[PDB]
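Single-structure report; data block below.
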Amino acid sequence: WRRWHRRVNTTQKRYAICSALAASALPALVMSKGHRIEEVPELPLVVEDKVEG
Amino acid sequence: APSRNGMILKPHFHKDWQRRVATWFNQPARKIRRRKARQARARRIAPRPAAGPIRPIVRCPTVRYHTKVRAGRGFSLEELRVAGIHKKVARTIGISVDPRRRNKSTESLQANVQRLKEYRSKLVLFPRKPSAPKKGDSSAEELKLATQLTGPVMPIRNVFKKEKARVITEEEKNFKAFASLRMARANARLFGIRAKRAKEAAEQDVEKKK
Amino acid sequence: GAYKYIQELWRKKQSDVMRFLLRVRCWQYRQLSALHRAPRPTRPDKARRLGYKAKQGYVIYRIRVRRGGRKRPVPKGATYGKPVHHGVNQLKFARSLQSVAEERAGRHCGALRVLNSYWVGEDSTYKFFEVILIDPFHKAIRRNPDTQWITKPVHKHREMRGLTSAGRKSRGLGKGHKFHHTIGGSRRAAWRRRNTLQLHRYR
Amino acid sequence: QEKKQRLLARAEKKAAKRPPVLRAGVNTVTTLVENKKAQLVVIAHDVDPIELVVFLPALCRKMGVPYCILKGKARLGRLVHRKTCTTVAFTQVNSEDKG
Amino acid sequence: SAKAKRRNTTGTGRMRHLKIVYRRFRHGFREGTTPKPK
RNA sequence: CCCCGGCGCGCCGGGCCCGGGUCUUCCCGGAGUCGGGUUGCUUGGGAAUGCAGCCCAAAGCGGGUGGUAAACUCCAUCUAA
RNA sequence: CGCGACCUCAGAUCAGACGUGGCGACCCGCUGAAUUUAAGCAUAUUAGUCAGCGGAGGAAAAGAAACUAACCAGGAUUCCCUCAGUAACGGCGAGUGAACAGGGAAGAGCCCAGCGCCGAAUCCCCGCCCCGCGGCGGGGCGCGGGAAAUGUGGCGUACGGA
Ligand SMILES: [Mg+2]
Ligand SMILES: [Mg+2]
Ligand SMILES: [Mg+2]
Ligand SMILES: [Mg+2]
Ligand SMILES: [Mg+2]
Ligand SMILES: [Mg+2]
Ligand SMILES: [Mg+2]
Ligand SMILES: [Mg+2]
Ligand SMILES: [Mg+2]
Ligand SMILES: [Mg+2]
Ligand SMILES: [Mg+2]
Ligand SMILES: [Mg+2]
Ligand SMILES: [Mg+2]
Ligand SMILES: [Mg+2]
Ligand SMILES: [Mg+2]
Ligand SMILES: [Mg+2]
Ligand SMILES: [Mg+2]
Ligand SMILES: [Mg+2]
Ligand SMILES: [Mg+2]
Ligand SMILES: [Mg+2]
Ligand SMILES: [Mg+2]
Ligand SMILES: [Mg+2]
Ligand SMILES: [Mg+2]
Ligand SMILES: [Mg+2]
Ligand SMILES: [Mg+2]
Ligand SMILES: [Mg+2]
């Protein structure tokens, strides 16, 4: 009965999803995360919906 | 020992509380088990509504909650009698019955009678033998469209009567709400004693008279 | 409507008629053993309104229990503790003498199922109770849907778990503000619920 | 046995009135006495527990039903083809037996 | 004595009959049948 | 590819000879139990929450509950053994 | 005196059944401390807990109001959240301490005795015939035996019923 679990406020969790998405559209931050995106045509990378099938 | 300012605390940990600690690590498992039984029950009783029998409208007791209505346990035998539904037949067609409940006022009674008449109007009734319809069974054209209903049957809501703005009359302006409130308390407080004093005076005056 | 008359007659326990019957019957019950198979219900009306039926597989036993309270079975009256627990006399047992009577019938006839019991007599020393038992394997019982319930293994030794009417009266059950001690089904059930620390995952 | 023959005879008759009879049992006799439908009540002298009938002699007297006490619940038992009977009652008789 | 109860409880011995019950239970205690012969 | 189960459809031999409403006339209840005193235990239950022993011991428009003992009086709410 | 009913009570390696012991995490019924805290200690607390005894089941127990309330009323039981460390208890010290309402999980309701009416309309077992037969039952036939009027069965139970 150690307290293994933590409550995080919804507004802060959504805040965290927004910062992650904003930081995912910047080449410097994505490169600084170690991803080899030196030749990806654009950031964010959007592909047609055919790929869903 | 107390140390400077603080709160005085009395934790209830003077028994063998560690012998009776209820953890909740099975909580996700319970949620999946209960969900898996709602689905298996909904499949079993389909196309009957998954929520269950229709429940009546009731007003919550006490002054803290009497402004709210909620689902009751079952329709009263007076409500079912007024709607012309036999009490033993009511359960067979998804109507919940509560023989304990009384009807003190007409409005609540008629509210649940209209509820039962509306529900009876939405009821699609399959014949006992599919190939041999009967008197009250729904037509085949509306049996094809029958689909299981999710959520409580005809959900109960608290609807407020919007009153539009109106010109204030001099009679409402002259009303004294606080003076009226204070005098109403006093009259209720002194009602019994005042009658007792009045009765004695009548006897007190009568004895001199006769 | 004879059972109506007998019931009312057995309410007049201080009348000349009933006093004479109780006194001589108590004398006769006193010359028998503490456990004694009875041939029929001494109180057919009282027995039947407690579930007894006049068919094969229902049996009656008369149990004799000593009257009085419970002495603490400690040597020389020594309890070896604090003064709050020094009592030896004037202590009472948690269950009625009727319940004790049913338990002594149920333990002896381990192959039968105690149903109910009733009062038939008492003197300064003994109370006399007749216990209604059922044989759960007689086909007069197994093939009757209304009595198939008591042939189930969950109903073994009802008298020994406080399930009979006499036994359940000492369990503090009931609805309303007088019986909060047993919300949850029993005193221990209420205690466990009220004494268990719920440590939710997210707290 | 002879109820079977009566039933079979009715079966043949159907393919092609209730006579008077004794009423037995302290519960049946009691209702008849209260209804004044009984003409004569015979009570065994050795019913035990006695409370079964201890009230009947006074009840019959109140309702004006003639009653008698007979030696032997076994003798009343033999009448009704059973081991014992606490009491029996006449409600009707044939005309040749009215006297 | 919890230690003494686990020195002679069910399981510490041979389980001569109980462990065949555990096997029979998994097939509903079927009786009077055999696998279909070759 | 085996086995077990569940759900459906027909035949045979049985059982039931089945309901609703409005009027008319009738009927209706669990006792050494309740309740009371006292003792001991028990409860948050405090002029006594529950349980038990002993004594007393019911009624039938009654009985129980209505968180301060009691009398009178209305009410509400249930229907114990 | 003998015979025969009944009642009460016996003996049978009588025919056919059933109980015992175990396990015991969880469950029900009892019985039941003292370490301990109170900076001492006796009430209190520890605690209706340990130990002790009995009885179960896959769950148990509880459960369809002799309830809650006092509202414009709710409506079996169990569980979760909250009520609430609150009303209350307490050398009113240390400490202890529920309920109702409200939101949810689940949801299901029923049966006797009695009062009555029905020719006991009821039940058990034996023997024979058909069917089934490793859950011993269905139907038919016995002037076969017993139980049961000291009351079995059907209708019916407070929501009223006939
Ligand atoms: Mg310090
Ligand atoms: Mg105790
Ligand atoms: Mg159960
Ligand atoms: Mg009592
Ligand atoms: Mg009752
Ligand atoms: Mg104690
Ligand atoms: Mg205490
Ligand atoms: Mg008061
Ligand atoms: Mg033998
Ligand atoms: Mg100390
Ligand atoms: Mg110290
Ligand atoms: Mg010390
Ligand atoms: Mg102490
Ligand atoms: Mg305690
Ligand atoms: Mg223990
Ligand atoms: Mg044991
Ligand atoms: Mg055992
Ligand atoms: Mg088992
Ligand atoms: Mg109950
Ligand atoms: Mg409930
Ligand atoms: Mg708070
Ligand atoms: Mg305590
Ligand atoms: Mg609540
Ligand atoms: Mg729900
Ligand atoms: Mg009856
Ligand atoms: Mg009721």
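Ordered as shown in the structure tokens, chains take letters A, B, and onward, while each chain numbers its residues from 1 and ligands are numbered from 1 in the order shown.
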ask   = Got a sec to check which residues lie within 10 Å of ligand 18, using only C-alpha atoms (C1' of nucleotides) and all ligand atoms, and send them as a ChimeraX atom specification?
value = /C:153 /G:23,56-58
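With only C-alpha atoms taken into account, chain A has residues 1, 2, 3, 4 and 5 of chain A at most 12 Å from chain B.
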Hey, can you spit out that residue selection with N, CA, C and O atoms as an mmCIF file, in the first residue's frame?
```
data_model
loop_
_atom_site.group_PDB
_atom_site.id
_atom_site.type_symbol
_atom_site.label_atom_id
_atom_site.label_comp_id
_atom_site.auth_asym_id
_atom_site.auth_seq_id
_atom_site.Cartn_x
_atom_site.Cartn_y
_atom_site.Cartn_z
ATOM 1 N N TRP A 1 0.810 -1.206 0.000
ATOM 2 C CA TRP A 1 0.000 0.000 0.000
ATOM 3 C C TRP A 1 0.845 1.260 0.000
ATOM 4 O O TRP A 1 0.370 2.320 0.406
ATOM 5 N N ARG A 2 2.096 1.155 -0.427
ATOM 6 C CA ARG A 2 2.791 2.305 -0.969
ATOM 7 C C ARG A 2 1.906 2.976 -2.008
ATOM 8 O O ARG A 2 1.109 2.326 -2.684
ATOM 9 N N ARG A 3 2.017 4.292 -2.113
ATOM 10 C CA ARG A 3 1.185 5.063 -3.032
ATOM 11 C C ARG A 3 1.855 5.038 -4.397
ATOM 12 O O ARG A 3 2.637 5.919 -4.744
ATOM 13 N N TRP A 4 1.541 4.014 -5.190
ATOM 14 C CA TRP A 4 2.191 3.837 -6.479
ATOM 15 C C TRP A 4 1.673 4.784 -7.553
ATOM 16 O O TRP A 4 2.371 5.002 -8.543
ATOM 17 N N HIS A 5 0.495 5.372 -7.379
ATOM 18 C CA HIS A 5 -0.188 6.084 -8.448
ATOM 19 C C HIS A 5 -0.349 7.562 -8.114
ATOM 20 O O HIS A 5 -0.480 7.943 -6.951
#
```
key: Surrounding residues of stretch 18-30 of chain D excluding itself and chain neighbours under 4 positions, 10 Å, only C-alpha atoms (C1' of nucleotides), as a PyMOL selection string   = (chain C and resi 1-5) or (chain D and resi 34-38+40-43+52-53+55-56+59-60+76-77+79-80+84-94) or (chain G and resi 119+149-151)
inquiry  = Quick one: residues within 7 Å of stretch 17-34 of chain F, only C-alpha atoms (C1' of nucleotides), excluding same-chain residues fewer than 5 positions away - as an MDAnalysis selection string?
reply    = (chainID C and resid 11 49) or (chainID F and resid 81) or (chainID G and resid 114:115)
Write out, as a PDB file, in the first residue's frame, the residues just selected, with C-alpha atoms (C1' of nucleotides).
```
ATOM      1  CA  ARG C  11     -52.996 -17.399  25.198  1.00  0.00           C
ATOM      2  CA  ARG C  49     -47.733 -22.038  11.854  1.00  0.00           C
TER       3      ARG C  49
ATOM      4  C1'   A F  81     -43.281 -12.705  17.415  1.00  0.00           C
TER       5        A F  81
ATOM      6  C1'   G G 114     -54.470 -18.721   9.752  1.00  0.00           C
ATOM      7  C1'   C G 115     -59.767 -17.416   7.858  1.00  0.00           C
TER       8        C G 115
END
```
query = Any idea what the distance is between atom CA of residue E:23 and atom CA of residue E:11?
reply = 15.3 Å
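Coordinates place atom CA of residue C:30 at a distance of 10.0 Å from atom CA of residue C:121.
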request  = Taking the DSSP assignment computed from this structure's backbone, write out as a VMD selection string all residues of chain C that belong to strand (DSSP E).
outcome  = chain C and resid 35 to 38 58 to 66 113 to 122 126 to 134 197 to 199
inquiry  = Using only C-alpha atoms (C1' of nucleotides) and all ligand atoms, which residues have at least one atom no more than 8 Å from ligand 6? Output them as JSON, numbers by chain.
reply    = {"C": [85], "F": [41, 42], "G": [32, 48]}
File dump, residues just selected, N, CA and C atoms (P, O5', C5', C4', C3', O3' and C1' of nucleotides), as a PDB file, in the first residue's frame:
```pdb
ATOM      1  N   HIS C  85     -13.409  -7.342  34.431  1.00  0.00           N
ATOM      2  CA  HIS C  85     -13.679  -8.694  33.965  1.00  0.00           C
ATOM      3  C   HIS C  85     -13.697  -9.717  35.096  1.00  0.00           C
TER       4      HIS C  85
ATOM      5  P     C F  41     -21.484  -5.663  33.370  1.00  0.00           P
ATOM      6  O5'   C F  41     -21.496  -6.098  31.843  1.00  0.00           O
ATOM      7  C5'   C F  41     -20.687  -7.166  31.379  1.00  0.00           C
ATOM      8  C4'   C F  41     -21.158  -7.682  30.045  1.00  0.00           C
ATOM      9  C3'   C F  41     -20.956  -6.765  28.853  1.00  0.00           C
ATOM     10  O3'   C F  41     -19.642  -6.815  28.339  1.00  0.00           O
ATOM     11  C1'   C F  41     -23.148  -7.612  28.820  1.00  0.00           C
ATOM     12  P     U F  42     -18.975  -5.515  27.684  1.00  0.00           P
ATOM     13  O5'   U F  42     -19.913  -5.167  26.455  1.00  0.00           O
ATOM     14  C5'   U F  42     -19.827  -5.903  25.248  1.00  0.00           C
ATOM     15  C4'   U F  42     -20.908  -5.500  24.280  1.00  0.00           C
ATOM     16  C3'   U F  42     -20.864  -4.064  23.792  1.00  0.00           C
ATOM     17  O3'   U F  42     -19.930  -3.857  22.754  1.00  0.00           O
ATOM     18  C1'   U F  42     -23.049  -4.573  24.473  1.00  0.00           C
TER      19        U F  42
ATOM     20  P     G G  32     -17.084 -14.967  27.950  1.00  0.00           P
ATOM     21  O5'   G G  32     -15.664 -14.548  27.398  1.00  0.00           O
ATOM     22  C5'   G G  32     -14.508 -15.323  27.660  1.00  0.00           C
ATOM     23  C4'   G G  32     -13.340 -14.811  26.864  1.00  0.00           C
ATOM     24  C3'   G G  32     -13.096 -13.319  26.952  1.00  0.00           C
ATOM     25  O3'   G G  32     -12.420 -12.947  28.134  1.00  0.00           O
ATOM     26  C1'   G G  32     -13.019 -13.983  24.698  1.00  0.00           C
ATOM     27  P     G G  48     -14.049  -2.622  19.290  1.00  0.00           P
ATOM     28  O5'   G G  48     -15.387  -3.468  19.452  1.00  0.00           O
ATOM     29  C5'   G G  48     -15.675  -4.587  18.621  1.00  0.00           C
ATOM     30  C4'   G G  48     -14.913  -5.831  19.008  1.00  0.00           C
ATOM     31  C3'   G G  48     -15.248  -7.065  18.167  1.00  0.00           C
ATOM     32  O3'   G G  48     -14.085  -7.870  18.013  1.00  0.00           O
ATOM     33  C1'   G G  48     -15.620  -7.554  20.412  1.00  0.00           C
TER      34        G G  48
END
```
ask   = How would you write, as a ChimeraX atom specification, the set of residues no farther than 12 Å from ligand 8 when counting only C-alpha atoms (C1' of nucleotides) and all ligand atoms?
value = /F:66-70
For the selection you just gave me, I'd like the residues written to a file as a PDB file, in the first residue's frame, keeping N, CA, C and O atoms (P, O5', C5', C4', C3', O3' and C1' of nucleotides).
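Produced file result-v1.pdb, reproduced below:
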```pdb
ATOM      1  P     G F  66     -38.878   5.261  19.010  1.00  0.00           P
ATOM      2  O5'   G F  66     -39.498   6.480  18.201  1.00  0.00           O
ATOM      3  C5'   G F  66     -38.824   6.996  17.068  1.00  0.00           C
ATOM      4  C4'   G F  66     -39.587   8.107  16.394  1.00  0.00           C
ATOM      5  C3'   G F  66     -40.059   9.260  17.261  1.00  0.00           C
ATOM      6  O3'   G F  66     -39.032  10.161  17.619  1.00  0.00           O
ATOM      7  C1'   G F  66     -41.746   8.668  15.725  1.00  0.00           C
ATOM      8  P     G F  67     -38.448  10.190  19.111  1.00  0.00           P
ATOM      9  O5'   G F  67     -37.016   9.525  18.945  1.00  0.00           O
ATOM     10  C5'   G F  67     -36.437   8.744  19.977  1.00  0.00           C
ATOM     11  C4'   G F  67     -35.172   9.377  20.494  1.00  0.00           C
ATOM     12  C3'   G F  67     -34.996  10.858  20.151  1.00  0.00           C
ATOM     13  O3'   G F  67     -34.381  11.551  21.233  1.00  0.00           O
ATOM     14  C1'   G F  67     -33.180   9.619  19.302  1.00  0.00           C
ATOM     15  P     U F  68     -35.260  12.005  22.489  1.00  0.00           P
ATOM     16  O5'   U F  68     -34.205  12.138  23.671  1.00  0.00           O
ATOM     17  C5'   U F  68     -33.934  11.050  24.546  1.00  0.00           C
ATOM     18  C4'   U F  68     -34.616  11.240  25.875  1.00  0.00           C
ATOM     19  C3'   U F  68     -36.102  11.567  25.785  1.00  0.00           C
ATOM     20  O3'   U F  68     -36.818  10.954  26.855  1.00  0.00           O
ATOM     21  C1'   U F  68     -34.969  13.332  26.873  1.00  0.00           C
ATOM     22  P     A F  69     -37.894   9.808  26.538  1.00  0.00           P
ATOM     23  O5'   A F  69     -38.321   9.262  27.964  1.00  0.00           O
ATOM     24  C5'   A F  69     -37.489   8.396  28.718  1.00  0.00           C
ATOM     25  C4'   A F  69     -37.834   8.483  30.179  1.00  0.00           C
ATOM     26  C3'   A F  69     -39.321   8.637  30.482  1.00  0.00           C
ATOM     27  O3'   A F  69     -40.005   7.399  30.570  1.00  0.00           O
ATOM     28  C1'   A F  69     -38.150  10.369  31.534  1.00  0.00           C
ATOM     29  P     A F  70     -41.304   7.100  29.670  1.00  0.00           P
ATOM     30  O5'   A F  70     -42.468   7.922  30.367  1.00  0.00           O
ATOM     31  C5'   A F  70     -42.813   7.682  31.719  1.00  0.00           C
ATOM     32  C4'   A F  70     -43.627   8.812  32.289  1.00  0.00           C
ATOM     33  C3'   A F  70     -44.933   9.126  31.588  1.00  0.00           C
ATOM     34  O3'   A F  70     -45.974   8.228  31.921  1.00  0.00           O
ATOM     35  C1'   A F  70     -43.792  11.134  32.101  1.00  0.00           C
TER      36        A F  70
END
```
message = Please check the contacts: residues of chain G at most 12 Å away from chain D, using only C-alpha atoms (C1' of nucleotides), listed as number ranges by chain.
response = G: 4-8, 115-117, 119-121, 142-144, 146-151
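Considering only C-alpha atoms, the residue among D:65, D:14, D:45, D:32 positioned nearest to chain C is D:32.
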query = Can I get the residues close to ligand 15 as number ranges by chain, where close means within 12 Å and we count only C-alpha atoms (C1' of nucleotides) and all ligand atoms?
reply = G: 30-33, 48-53
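Checking C:131, C:143, C:120, C:50 one by one against ligand 5, counting only C-alpha atoms and all ligand atoms, you find the shortest gap at C:50.
The neighbours of stretch 27-30 of chain E here are the residues that come within 12 Å of it, using only C-alpha atoms (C1' of nucleotides) and leaving out any residue fewer than 5 positions away in the same chain; they are residues 20, 21, 22 and 35 of chain E; 3, 4 and 5 of chain F; 134 of chain G.
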Just the selected residues (C-alpha atoms (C1' of nucleotides)), exported as a PDB file, in the first residue's frame, please.
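Dumped to out24.pdb:
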```pdb
ATOM      1  CA  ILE E  20      -7.273 -37.637  -8.913  1.00  0.00           C
ATOM      2  CA  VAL E  21     -10.336 -35.560  -8.085  1.00  0.00           C
ATOM      3  CA  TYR E  22      -8.474 -32.511  -9.370  1.00  0.00           C
ATOM      4  CA  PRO E  35     -12.692 -42.522 -25.829  1.00  0.00           C
TER       5      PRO E  35
ATOM      6  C1'   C F   3     -15.369 -34.906 -27.767  1.00  0.00           C
ATOM      7  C1'   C F   4     -18.589 -31.906 -24.538  1.00  0.00           C
ATOM      8  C1'   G F   5     -22.132 -27.995 -24.363  1.00  0.00           C
TER       9        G F   5
ATOM     10  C1'   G G 134     -23.767 -43.744 -14.702  1.00  0.00           C
TER      11        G G 134
END
```
task = Write out as a list in words each polymer residue (protein, DNA or RNA) that has an atom no more than 9 Å from ligand 17, with only C-alpha atoms (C1' of nucleotides) and all ligand atoms counted.
result = residues 20, 21, 22, 55 and 56 of chain G
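Straight-line separation from atom CA of residue C:54 to atom CA of residue C:163: 23.2 Å.
Contacts with ligand 26 are defined as any residue atom within 10 Å of a ligand atom, using only C-alpha atoms (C1' of nucleotides) and all ligand atoms; the residues meeting this criterion are residues 99 and 100 of chain B; 78 and 79 of chain F; 64, 65, 157, 158 and 159 of chain G.
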Could you please take those selected residues and save C-alpha atoms (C1' of nucleotides) as a PDB file, in the first residue's frame?
```pdb
ATOM      1  CA  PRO B  99     -46.145  -1.926  -4.285  1.00  0.00           C
ATOM      2  CA  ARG B 100     -44.736  -0.013  -1.299  1.00  0.00           C
TER       3      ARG B 100
ATOM      4  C1'   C F  78     -45.396   0.350   9.408  1.00  0.00           C
ATOM      5  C1'   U F  79     -47.718  -4.397  10.565  1.00  0.00           C
TER       6        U F  79
ATOM      7  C1'   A G  64     -38.656  -7.840   0.137  1.00  0.00           C
ATOM      8  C1'   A G  65     -40.249  -2.745   6.189  1.00  0.00           C
ATOM      9  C1'   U G 157     -51.510 -14.048   2.161  1.00  0.00           C
ATOM     10  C1'   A G 158     -52.016  -7.760   3.676  1.00  0.00           C
ATOM     11  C1'   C G 159     -49.890  -5.037  -2.970  1.00  0.00           C
TER      12        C G 159
END
```
Could you list the protein, DNA and RNA residues that have any atom within 10 Å of ligand 11, counting only C-alpha atoms (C1' of nucleotides) and all ligand atoms, and write them as a PDB file with N, CA and C atoms (P, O5', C5', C4', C3', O3' and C1' of nucleotides), in the first residue's frame?
```pdb
ATOM      1  P     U G  36       2.644  -3.177  29.090  1.00  0.00           P
ATOM      2  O5'   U G  36       2.053  -2.324  27.895  1.00  0.00           O
ATOM      3  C5'   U G  36       2.658  -2.361  26.617  1.00  0.00           C
ATOM      4  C4'   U G  36       1.793  -1.697  25.585  1.00  0.00           C
ATOM      5  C3'   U G  36       1.321  -0.295  25.910  1.00  0.00           C
ATOM      6  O3'   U G  36       2.313   0.686  25.672  1.00  0.00           O
ATOM      7  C1'   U G  36      -0.485  -1.564  25.083  1.00  0.00           C
ATOM      8  P     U G  37       2.551   1.887  26.706  1.00  0.00           P
ATOM      9  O5'   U G  37       1.427   2.934  26.321  1.00  0.00           O
ATOM     10  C5'   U G  37       1.140   3.246  24.972  1.00  0.00           C
ATOM     11  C4'   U G  37      -0.016   4.194  24.894  1.00  0.00           C
ATOM     12  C3'   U G  37      -0.177   5.099  26.097  1.00  0.00           C
ATOM     13  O3'   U G  37       0.688   6.211  26.084  1.00  0.00           O
ATOM     14  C1'   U G  37      -2.240   4.123  25.607  1.00  0.00           C
ATOM     15  P     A G  38       1.197   6.830  27.465  1.00  0.00           P
ATOM     16  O5'   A G  38      -0.121   7.397  28.134  1.00  0.00           O
ATOM     17  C5'   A G  38      -0.891   8.398  27.504  1.00  0.00           C
ATOM     18  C4'   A G  38      -2.248   8.512  28.140  1.00  0.00           C
ATOM     19  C3'   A G  38      -2.258   8.994  29.572  1.00  0.00           C
ATOM     20  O3'   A G  38      -2.148  10.404  29.628  1.00  0.00           O
ATOM     21  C1'   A G  38      -3.691   7.122  29.343  1.00  0.00           C
ATOM     22  P     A G  39      -1.931  11.194  31.003  1.00  0.00           P
ATOM     23  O5'   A G  39      -0.476  10.801  31.496  1.00  0.00           O
ATOM     24  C5'   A G  39       0.690  11.165  30.768  1.00  0.00           C
ATOM     25  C4'   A G  39       1.472   9.936  30.406  1.00  0.00           C
ATOM     26  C3'   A G  39       1.862   9.060  31.596  1.00  0.00           C
ATOM     27  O3'   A G  39       1.685   7.681  31.280  1.00  0.00           O
ATOM     28  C1'   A G  39       3.777   9.626  30.350  1.00  0.00           C
ATOM     29  P     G G  40       0.732   6.761  32.187  1.00  0.00           P
ATOM     30  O5'   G G  40       1.409   6.804  33.619  1.00  0.00           O
ATOM     31  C5'   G G  40       2.477   5.938  33.962  1.00  0.00           C
ATOM     32  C4'   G G  40       2.379   5.519  35.402  1.00  0.00           C
ATOM     33  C3'   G G  40       1.200   4.624  35.747  1.00  0.00           C
ATOM     34  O3'   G G  40       1.456   3.261  35.488  1.00  0.00           O
ATOM     35  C1'   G G  40       1.299   6.404  37.284  1.00  0.00           C
TER      36        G G  40
END
```
inquiry  = To check your reading of the model: which residues sit at most 12 Å from ligand 20 when counting only C-alpha atoms (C1' of nucleotides) and all ligand atoms? Write the answer as a count of residues only.
reply    = 19
inquiry  = Excluding residue B:54 and its own-chain neighbours fewer than 5 positions away, which residues fall within 12 Å of it when counting only C-alpha atoms (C1' of nucleotides)? Please give them as JSON, numbers by chain.
reply    = {"B": [48, 49, 71, 72, 73, 74, 75, 90, 91, 92, 93, 94, 95, 96, 97, 98, 112, 115, 116, 117, 118, 119, 120, 122, 123, 149, 151, 152, 153, 154, 155, 156]}
